[PDB]
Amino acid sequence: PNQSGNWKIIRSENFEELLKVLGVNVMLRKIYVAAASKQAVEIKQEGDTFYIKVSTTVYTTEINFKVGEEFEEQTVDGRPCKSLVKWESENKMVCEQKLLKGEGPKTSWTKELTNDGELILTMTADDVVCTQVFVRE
C-alpha cells in the first residue's frame, strides 16, 4: 500500500536482546531501549522512492532510498553499510546490508504494511530478530 505518514510504536519484541548480542554496552542499551519506546517515525513514500526519519531524544536518523538501488546507511549499532532494498511481496520490503569496512554479523531489516494498517519492522543480526509494530497517527 502507501506507507506515508507519521507512525507510533505500539509493540516491540527483543530490542535489548538484539543490542546485547551486537555487543552494545548495558548502560547504552538502557538509553536506547527507553528512546526506542518513544520514537517518532515519519515516512514519505513516492512509488519506490522512500524517505524515512526516525527521531528520538538521543538518536535521529534520515534514510533515503529507492527500491532496487544501492544506498548507504548504518547498522543498528552504528557501523556504515551499503544497503539494497527489494520487494519480497506487494506489502513487504527486505533490506540486505554489507559493511563498508571490516567483518561482522549478517544484518538486515524488513518493513511490511499489513492489511490491518500495522507497519511491522524487523531488524536482524544473524539469528536474533527484533520486531517493532507501528500504527499511523
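Numbering starts at 1 and follows the sequence shown.
Stretches 50-58 and 22-30 differ in mean C-alpha B factor, with the higher average recorded for 50-58. Set 72-80 against 85-93 and average the Cα temperature factors; 72-80 ends up higher. Sort the chain's modelled residues by C-alpha temperature factor and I43 lands in the lowest third, per the entry. In the PDB entry, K101 places in the highest third of its chain by CA B-factor. In the PDB entry, a CA B factor belonging to the lowest third of its chain's modelled residues is recorded for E17. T110: CA B factor lies in the lowest third for its chain, per the PDB record.
Sort the modelled residues of the chain by CA B factor and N2 lands in the highest third.
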